[PDB]
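S.K.: Sequence order for the protein chains is A, B, C and D. Per the UniProt record's numbering, residue 38 is the first one in the first sequence, and the count goes up by one each step. Per the UniProt record's numbering, residue 29 is the first one in the second sequence, and the count goes up by one each step. Per the UniProt record's numbering, residue 34 is the first one in the third sequence, and the count goes up by one each step. Per the UniProt record's numbering, residue 2 is the first one in the fourth sequence, and the count goes up by one each step. Even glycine gets a Cβ: it sits at the ideal position worked out from N, Cα and C.
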Amino acid sequence: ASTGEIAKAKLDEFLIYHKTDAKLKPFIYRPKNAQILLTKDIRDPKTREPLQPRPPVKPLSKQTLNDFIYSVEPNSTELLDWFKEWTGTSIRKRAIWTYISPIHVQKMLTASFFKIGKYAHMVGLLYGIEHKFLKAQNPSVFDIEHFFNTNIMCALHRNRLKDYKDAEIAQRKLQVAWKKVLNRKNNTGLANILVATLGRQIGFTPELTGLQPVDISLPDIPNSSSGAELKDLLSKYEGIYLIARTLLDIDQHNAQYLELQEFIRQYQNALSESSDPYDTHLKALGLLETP
Amino acid sequence: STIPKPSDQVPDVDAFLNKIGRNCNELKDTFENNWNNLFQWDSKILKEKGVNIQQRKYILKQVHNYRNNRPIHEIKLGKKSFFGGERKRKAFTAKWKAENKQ
Amino acid sequence: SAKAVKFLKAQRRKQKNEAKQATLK
Amino acid sequence: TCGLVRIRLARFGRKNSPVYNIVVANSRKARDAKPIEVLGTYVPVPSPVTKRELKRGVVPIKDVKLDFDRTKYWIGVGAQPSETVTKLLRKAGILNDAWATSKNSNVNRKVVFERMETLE
RNA sequence: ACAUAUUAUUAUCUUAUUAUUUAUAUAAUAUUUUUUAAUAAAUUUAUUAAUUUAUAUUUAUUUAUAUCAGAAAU
RNA sequence: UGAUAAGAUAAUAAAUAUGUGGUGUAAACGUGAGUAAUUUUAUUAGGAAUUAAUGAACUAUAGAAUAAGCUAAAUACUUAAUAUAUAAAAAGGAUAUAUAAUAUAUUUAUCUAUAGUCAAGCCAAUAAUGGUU
Ligand SMILES: [K+]
Ligand SMILES: [K+]
Ligand SMILES: [K+]
Ligand SMILES: [Mg+2]
Ligand SMILES: [Mg+2]
Ligand SMILES: [Mg+2]
Ligand SMILES: [Mg+2]
Ligand SMILES: [Mg+2]
Ligand SMILES: [Mg+2]
Ligand SMILES: [Mg+2]
Ligand SMILES: [Mg+2]
Ligand SMILES: [Mg+2]
Numbered sequence: 038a039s040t041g042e043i044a045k046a047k048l049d050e051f052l053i054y055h056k057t058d059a060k061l062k063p064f065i066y067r068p069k070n071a072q073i074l075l076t077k078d079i080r081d082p083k084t085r086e087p088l089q090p091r092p093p094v095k096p097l098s099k100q101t102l103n104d105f106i107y108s109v110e111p112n113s114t115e116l117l118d119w120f121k122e123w124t125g126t127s128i129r130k131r132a133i134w135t136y137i138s139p140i141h142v143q144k145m146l147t148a149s150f151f152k153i154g155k156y157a158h159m160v161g162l163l164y165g166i167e168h169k170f171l172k173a174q175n176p177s178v179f180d181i182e183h184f185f186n187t188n189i190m191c192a193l194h195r196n197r198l199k200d201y202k203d204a205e206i207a208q209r210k211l212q213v214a215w216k217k218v219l220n221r222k223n224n225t226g227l228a229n230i231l232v233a234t235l236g237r238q239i240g241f242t243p244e245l246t247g248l249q250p251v252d253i254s255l256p257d258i259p260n261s262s263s264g265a266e267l268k269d270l271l272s273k274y275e276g277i278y279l280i281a282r283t284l285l286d287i288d289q290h291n292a293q294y295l296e297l298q299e300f301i302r303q304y305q306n307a308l309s310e311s312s313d314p315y316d317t318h319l320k321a322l323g324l325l326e327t328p
Numbered sequence: 029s030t031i032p033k034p035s036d037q038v039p040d041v042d043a044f045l046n047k048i049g050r051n052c053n054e055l056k057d058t059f060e061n062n063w064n065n066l067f068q069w070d071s072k073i074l075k076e077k078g079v080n081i082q083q084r085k086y087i088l089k090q091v092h093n094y095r096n097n098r099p100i101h102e103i104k105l106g107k108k109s110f111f112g113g114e115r116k117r118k119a120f121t122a123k124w125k126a127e128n129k130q
Numbered sequence: 034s035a036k037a038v039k040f041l042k043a044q045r046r047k048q049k050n051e052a053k054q055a056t057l058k
Numbered sequence: 002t003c004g005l006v007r008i009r010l011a012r013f014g015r016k017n018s019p020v021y022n023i024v025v026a027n028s029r030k031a032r033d034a035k036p037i038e039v040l041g042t043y044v045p046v047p048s049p050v051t052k053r054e055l056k057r058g059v060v061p062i063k064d065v066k067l068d069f070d071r072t073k074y075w076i077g078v079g080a081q082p083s084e085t086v087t088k089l090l091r092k093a094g095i096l097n098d099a100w101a102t103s104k105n106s107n108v109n110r111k112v113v114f115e116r117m118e119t120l121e
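Below you can see the structure in the form of structure tokens.
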């Protein structure tokens, strides 16, 4: 019924298809074999009724998982349970281990912190399962523009919300985060700004190997106002809008950089008609803090 | 032979009788926590003390192991499969698959 | 039948040889 | 012991008085079935020494009759001796310490008499 | 006479199973092959479900032969 | 490691043989129904078709051990690569050490080839109870 409920059904159908045995796939999903399936009377696992025909499964849209991520209740384990089931598949099922994109992990980390309020257990499922992703030939998901930056951004909010000020824990956690990055391609340059802000907030001098200086290259959404092309473009650059607004709000040193404010102007004025992404998430963090 | 020296894992006879297992902890009163008795009594003495055939042979095997710095951890005797011995497995399995899963 | 056709083929062969013996004798 | 051709003891004699044939046999045949060859005989009961002999220093002797040459041939073609037969062959000097195991390895035990080959 | 039991045989009847040998499929699977939608990714390609195409491997039915056994006769 | 503890990773110590696998039951044991011999027995200094790309499983020696798929995973299975007209293969595990998963070393397995050992198939000659009512 709801967008979340529909998305979950699509995601659960996709997984059931790719977890079915190869010998039985042609007889359970090709509608021309519905009568051959009945005759064979294969018995559904769990000693249930014999298996029945299912509708053929087609490639799933990457937007399906973004809908489910933002449907999870304010305090739920649904996202943490889905991920544990999704990433428990064999690494030989390429469709399952290539569906996850860098955008999905960013939206799983930003939703968990500001909306679902289980960030700690979402950064442990990702840290724990990073090795399997490497074995499954999908390391790109752990990058600097979607995984590292989103993590440092949520840290610049938890360190404030919670007041954490230890200069050893912060550095140790920052080192682990950088060690968990498998696709180190700094493009926007916001990573360097985010790392410097963390050091100022927690009073330490960051020093990570391989994070070479990169000048800001914020993607500028054009003044042209399209429909689904600008709704996707904004949603595409939604992560870096949450990082620009975060950088300025946490520390006023980032106000020095004028590239950050240009993107705010462009992204905000692009669809200022609608609500604000940054503010929306901030409201939930308070609605979750109160509990 | 000679009397080995107590260790930290096997401080006394009672600890020795518990590590070896096979219900040998029920002979703690026969030995009386005397280290020398465990390493001097042969089969003839153990038979006079009421130790049954299987246990006295098992103890003497573990006493020899201890004297030679070889592990004395309990090794379990073999047990038949859950579905029975091979000669009665086909019958048992057929009657266990028609009363559990139907 | 296949067995009735084999029997007759053999029966004719035996009778040709029994006659052959009479012609040779 | 492994392999298809094994050197092992076949039991003869009467109840409570065992005697053995040293035989080369197929692994799958019965212990006392007619073997491929009978290499020798083993009498496990030591000869009893008299009271005087004991003080005199006589040690009881176990008697083995063995075809040394034929035994070596069967070891050469890969016949596998049993554990008891291995002990006998190591004492006869046919096999060496390479056939010893960790449980029977007499690495440190004093030798009171050295193997002596004589003619009689 | 004969009523019984047992066995064997067959130009006969019925026949499990199997082997071998026929014909057939809009049969299944894989690959190839002709196209066709849906979906996805990228900005043509992939996947899935169909259709066409041959190929191999099976399956169902079917033709013929032999066959445990039983029936009948001897 | 995970800013709160759900999980992950490694080390160590245990558990599991109601999951997938491997090896083992062509032997031994028992019996004497059938079997009078195209088949069974015994014998011979017997034979050829002038007996397989058979090793069954140990010995000696030499070489190899590759890529995918399928299963939850593999020393399971499937399809390929390369190896004596040429055909025909495989498998890793454990433990150390050094590296950034890989390499060596030790140990135990896997495959192929050659010979040996053990062990097979087939044939001949001779003999093997009673009744011709
Ligand atoms: K019996
Ligand atoms: K008989
Ligand atoms: K090895
Ligand atoms: Mg018949
Ligand atoms: Mg099992
Ligand atoms: Mg048999
Ligand atoms: Mg077998
Ligand atoms: Mg007996
Ligand atoms: Mg390999
Ligand atoms: Mg594999
Ligand atoms: Mg295999
Ligand atoms: Mg008469």
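Who are the near neighbours of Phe300 (chain A) in its chain, counting only those whose CB is closer than 6 Å to its CB and skipping five residues on each side?
M.R.: The residue you call residue 300 (chain A) lines up with position 263 of the first sequence. Closer than 6 Å at the Cβ level, and outside the excluded window around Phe300 (chain A), lie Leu255 and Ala281.
S.K.: Suppose you measure from the CA of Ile31 (chain B) to the CA of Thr2 (chain D); what does that come to, to the nearest Å?
M.R.: Reading the second sequence from its first residue, position 3 is the one you call residue 31 (chain B). Reading the fourth sequence from its first residue, position 1 is the one you call residue 2 (chain D). Between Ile31 (chain B) and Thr2 (chain D), the C-alpha separation is close to 34 Å.
S.K.: Is it buried or exposed, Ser28 (chain D), if we count other Cβ atoms within 10 angstroms and call 16 or more buried?
M.R.: For the purposes of this step, residue 28 (chain D) is taken as the residue at position 27 of the fourth sequence. Exposed, by the Cβ-count rule.
S.K.: Does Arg195 (chain A) come out as helix, strand or coil in the three-state DSSP assignment?
M.R.: Taking the first residue of the first sequence as 1, we reach residue 195 (chain A) at position 158. Helix, per DSSP.
S.K.: I want to know whether the stretch 185-194 of chain A touches the stretch 272-286 of chain A - three or more CB-CB distances under 8 Å.
M.R.: Flag = yes, the stretch 185-194 of chain A and the stretch 272-286 of chain A touch.
S.K.: Quick check: the stretch 141-153 of chain A against the stretch 79-90 of chain A, are at least 3 beta-carbon pairs closer than 8 Å?
M.R.: At 8 Å Cβ cutoff, the stretches do not touch.
S.K.: Using 8 Å for Cβ pairs, my map puts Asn220 (chain A) next to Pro176 (chain A). What's the rounded Cβ distance?
M.R.: Walking along the first sequence from the start, residue 220 (chain A) turns up at place 183. Walking along the first sequence from the start, residue 176 (chain A) turns up at place 139. Contact flag correct, Cβ pair sits at about 6 Å.
S.K.: Bridge partners of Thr42 (chain D), per DSSP?
M.R.: Residue numbering aside, residue 42 (chain D) sits at position 41 when the fourth sequence is read from its first letter. Note: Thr42 (chain D) sits in a beta bridge opposite D:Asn22 and D:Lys66.
S.K.: Tell me which residue opens and which closes the alpha helix (DSSP H) that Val6 (chain D) is part of.
M.R.: The count along the fourth sequence starts at 1 and reaches residue 6 (chain D) at position 5. Unbroken run through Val6 (chain D) is the beta strand (DSSP E), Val6 to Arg15; no alpha helix (DSSP H).
S.K.: Residues in the same chain with beta-carbon distance under 6 Å from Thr126 (chain A), minus the five sequence neighbours each way, listed in chain order, please.
M.R.: In the first sequence, residue 126 (chain A) corresponds to position 89, counting from 1. Here the set comprises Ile133.
S.K.: By Cβ distance, which residues of its chain are closer than 7 Å to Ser39 (chain A), with the 5 residues on each side in sequence left out?
M.R.: Looking up residue 39 (chain A) in the first sequence gives position 2. Cβ neighbours of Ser39 (chain A) beyond the five flanking positions: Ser108.
S.K.: For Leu284 (chain A), is the classification buried or exposed, using 16 other Cβ atoms within 10 angstroms of its Cβ as the cut-off for buried?
M.R.: The residue labelled residue 284 (chain A) in the question sits at position 247 within the first sequence. Burial call: buried.
S.K.: Residues bridged to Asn220 (chain A) by DSSP?
M.R.: Counting from 1 along the first sequence, the entry for residue 220 (chain A) is found at position 183. In the DSSP output, where bridge partners are listed per residue, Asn220 (chain A) has A:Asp180.
S.K.: Contact check, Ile253 (chain A) vs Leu271 (chain A) under 8 Å by CB: the rounded distance?
M.R.: Translated into positions along the first sequence, residue 253 (chain A) becomes position 216. Translated into positions along the first sequence, residue 271 (chain A) becomes position 234. The pair is not a contact, with the Cβ atoms about 19 Å apart (cut-off 8 Å).
S.K.: Give the DSSP-derived three-state secondary structure of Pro68 (chain A) in the structure shown.
M.R.: One-based indexing of the first sequence puts residue 68 (chain A) at position 31. Three-state result, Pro68 (chain A): helix.
S.K.: Expressed to the nearest angstrom, what Euclidean distance is found between the alpha-carbon atoms of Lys123 (chain B) and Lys108 (chain B)?
M.R.: One-based indexing of the second sequence puts residue 123 (chain B) at position 95. One-based indexing of the second sequence puts residue 108 (chain B) at position 80. If I take the Cα positions, the gap works out to 17 Å.
S.K.: Tell me, which residues are paired with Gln81 (chain D) by DSSP?
M.R.: Locating residue 81 (chain D) in the fourth sequence gives position 80, where the first residue counts as 1. DSSP, once it has assigned bridges, lists D:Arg7 as partnering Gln81 (chain D).
S.K.: Specify, as a first and last residue, the run of the alpha helix (DSSP H) that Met159 (chain A) falls within.
M.R.: Counting from one through the first sequence, the residue named residue 159 (chain A) turns up at place 122. Note, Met159 (chain A): alpha helix (DSSP H), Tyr156 to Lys172.
S.K.: Suppose the cutoff is 6 Å on Cβ atoms and the five residues either side in sequence are ignored; what does the same chain contact list for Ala321 (chain A) look like?
M.R.: The residue given as residue 321 (chain A) occupies position 284 in the first sequence. Answer for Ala321 (chain A): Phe151 and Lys152, listed in chain order.
S.K.: Take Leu248 (chain A) as the anchor and find which of A:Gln303, A:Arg302, A:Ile181 and A:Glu296 has the nearest alpha-carbon.
M.R.: The count along the first sequence starts at 1 and reaches residue 248 (chain A) at position 211. Nearest option by C-alpha distance: A:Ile181.
S.K.: Would you report the Cα separation of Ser261 (chain A) and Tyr274 (chain A), rounded to the nearest angstrom?
M.R.: Here residue 261 (chain A) refers to the residue found at position 224 of the first sequence. Here residue 274 (chain A) refers to the residue found at position 237 of the first sequence. Rounded to whole angstroms, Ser261 (chain A) to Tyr274 (chain A) spans 16 Å at the Cα level.
S.K.: Bridge partners of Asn97 (chain B), per DSSP?
M.R.: Counted from its first residue, the second sequence places residue 97 (chain B) at position 69. The partner list for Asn97 (chain B) (beta bridge, DSSP) is empty, contrary to what the question assumes.
S.K.: Count the other CB atoms, across all protein chains shown, that sit within 10 Å of the CB of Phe185 (chain A); report buried if there are 16 or more and exposed otherwise.
M.R.: If you number the first sequence from 1, residue 185 (chain A) lands on position 148. That one is buried.
S.K.: Taking the alpha helix (DSSP H) that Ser311 (chain A) belongs to, which residues open and close that run?
M.R.: In the first sequence, residue 311 (chain A) corresponds to position 274, counting from 1. Careful: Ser311 (chain A) lies outside any alpha helix (DSSP H) and carries neither H nor E.
S.K.: Are at least three pairs of beta-carbons, each pair with one atom in the stretch 26-41 of chain D and one in the stretch 50-63 of chain D, less than 8 Å apart?
M.R.: In short, these stretches do not touch, since the Cβ pair count stays below three.
S.K.: Within 10 angstroms of its Cβ, does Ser149 (chain A) collect 16 or more other Cβ (buried), or is it exposed?
M.R.: Taking the first sequence and counting its residues from 1, the one referred to as residue 149 (chain A) is at position 112. By the neighbour-count rule (16 or more Cβ atoms within 10 Å), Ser149 (chain A) is buried.
S.K.: Counting C-beta neighbours from all protein chains within 10 Å, is the total for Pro93 (chain A) 16 or more, i.e. buried, or is it exposed?
M.R.: Your numbering for residue 93 (chain A) matches position 56 in the first sequence. Exposed, since its Cβ has fewer than 16 Cβ neighbours within 10 Å.
S.K.: Once the 5 residues before and after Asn53 (chain B) are set aside, which same chain residues still bring their CB inside 8 Å of it?
M.R.: The sequence position of residue 53 (chain B) within the second sequence is 25, counting from 1. Result list for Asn53 (chain B): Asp42, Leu45 and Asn46, in chain order.
S.K.: Going by CA-CA distance only, name the one from A:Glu50, A:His318, A:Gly264 and A:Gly323 that's closest to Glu310 (chain A).
M.R.: In the first sequence, counting from the first residue as 1, residue 310 (chain A) sits at position 273. Nearest C-alpha to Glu310 (chain A): A:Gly264.
S.K.: Taking DSSP's pairing of strands, which residues face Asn27 (chain D) in a bridge?
M.R.: Position 26 of the fourth sequence, counted from the first residue, corresponds to residue 27 (chain D). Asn27 (chain D) pairs with D:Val6.
S.K.: Specify, as a first and last residue, the run of the alpha helix (DSSP H) that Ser71 (chain B) falls within.
M.R.: Residue numbering aside, residue 71 (chain B) sits at position 43 when the second sequence is read from its first letter. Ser71 to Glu76 is the extent of the alpha helix (DSSP H) around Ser71 (chain B).
S.K.: With H, G and I counted as helix, E and B as strand and the rest as coil, what does DSSP make of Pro328 (chain A)?
M.R.: Along the first sequence, read from residue 1 onward, the residue named residue 328 (chain A) stands at position 291. Three-state DSSP puts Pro328 (chain A) in coil, outside helix and strand.
S.K.: Would you call the stretch 54-67 of chain B and the stretch 104-118 of chain B in contact, with 3 or more CB pairs under 8 Å?
M.R.: No, because fewer than three Cβ pairs between the stretch 54-67 of chain B and the stretch 104-118 of chain B fall closer than 8 Å, the two stretches do not touch.
S.K.: For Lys56 (chain B), which residues in the same chain have their Cβ closer than 8 Å to its Cβ, ignoring the five residues on either side in sequence?
M.R.: Locating residue 56 (chain B) in the second sequence gives position 28, counting from the first residue. Same-chain partners within the cutoff: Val41, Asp42 and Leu45.
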